[PDB]
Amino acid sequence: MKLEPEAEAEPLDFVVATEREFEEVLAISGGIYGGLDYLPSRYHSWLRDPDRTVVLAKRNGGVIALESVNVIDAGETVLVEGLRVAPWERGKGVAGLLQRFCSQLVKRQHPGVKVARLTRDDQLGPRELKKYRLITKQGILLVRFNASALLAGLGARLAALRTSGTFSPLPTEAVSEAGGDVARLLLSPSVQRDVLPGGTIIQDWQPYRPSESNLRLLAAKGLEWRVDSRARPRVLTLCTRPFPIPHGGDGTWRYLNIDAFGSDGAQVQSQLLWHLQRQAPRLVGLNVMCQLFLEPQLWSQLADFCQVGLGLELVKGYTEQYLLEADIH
């Protein structure tokens, strides 16, 4: 005998999101990522993206879940982002149903897509190891500071570090995306093999294969880049413009994401400093969650630099960002 389908008194309805559901989406998003949720600041942007479909699950006419799918890598990849289920609806399989609906939508709307990708920091287990390939991983360093405090004290801390011989920042080199420097870096086969994690660009949790088509997407975001040497690149860093996050409930917090590629810890330190000096003046009067993604064996060095050297507070211990990939059949 076959298993008969279970009747549902309150079946889920899956619909494409519009601006009118923003407040309902906020209402299901309390506490996400400990206050580092980007969706409040990004939801309206998402609605404009040409290769993105933002799907809502509704029950009894009310939004209870959300997932975004976005086609990238010149049509070969769908990136899954933002997956969330209202707290009062969790533990019932809702996320599983929403993911299945979105997979069906991708198969119908984007028949050329070959794989799905996503990033996560949750501990991976045997199940994850069978559904996904691990493309790469980075360590995650999360620190917090008041920008006015950093602005007032940073110069004097650097002076003390320099005069004691403990730390002076090494020279770094300018990278102009408009001038073609980013393309020259990211399209280099040697950069791809030796600098980028698993040959991939990760920008504020979003993975991109290094290709002309993806560089266009990166170039519209207003990123800031730095490198140790354009001629012989070994450490490349990427700062995403800071954006408001709900942490703290008061509107005073911003999220500053820096992705660091390569293995020279001293250059990661110098480039981190460079980005903080670039970004802090516009953050005056605000509080900052700064999250640095870097090769795992550099985490302790950079955590010490941030805390003891720069006077920033460590928010949590070591965690990892996993880039996961599954085939679409």
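Residue positions are given as counts along the sequence shown, with the first one as 1. Between two forms, the rigid core is the largest collection of C-alphas that superpose within 1.5 Å.
Choosing between 9 to 17 and 317 to 325, the greater Cα displacement from the shown form in 4 other deposited structures of this protein, fitted by the core, goes with 9 to 17. If you average the C-alpha B-factors over 170 to 178 and over 70 to 78, the higher value belongs to 70 to 78. According to the PDB record, 100 to 108 carries the higher mean C-alpha B-factor of the two stretches 244 to 252 and 100 to 108. Of the residues listed, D259, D228, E224, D194, the entry assigns the biggest Cα temperature factor to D194. The entry lists C-alpha B-factors for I140, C239, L124, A147, and the highest of these is at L124.
Per-chain ranking of the deposited C-alpha B factor places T200 in the middle third. Placement of the Cα temperature factor of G62 within the chain: highest third of the modelled residues, per the deposited record.
Placement of the Cα temperature factor of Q206 within the chain: lowest third of the modelled residues, per the deposited record.
Sort the chain's modelled residues by C-alpha temperature factor and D264 lands in the middle third, per the entry. Ranked by Cα temperature factor within the chain, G165 sits in the highest third according to the deposited record.
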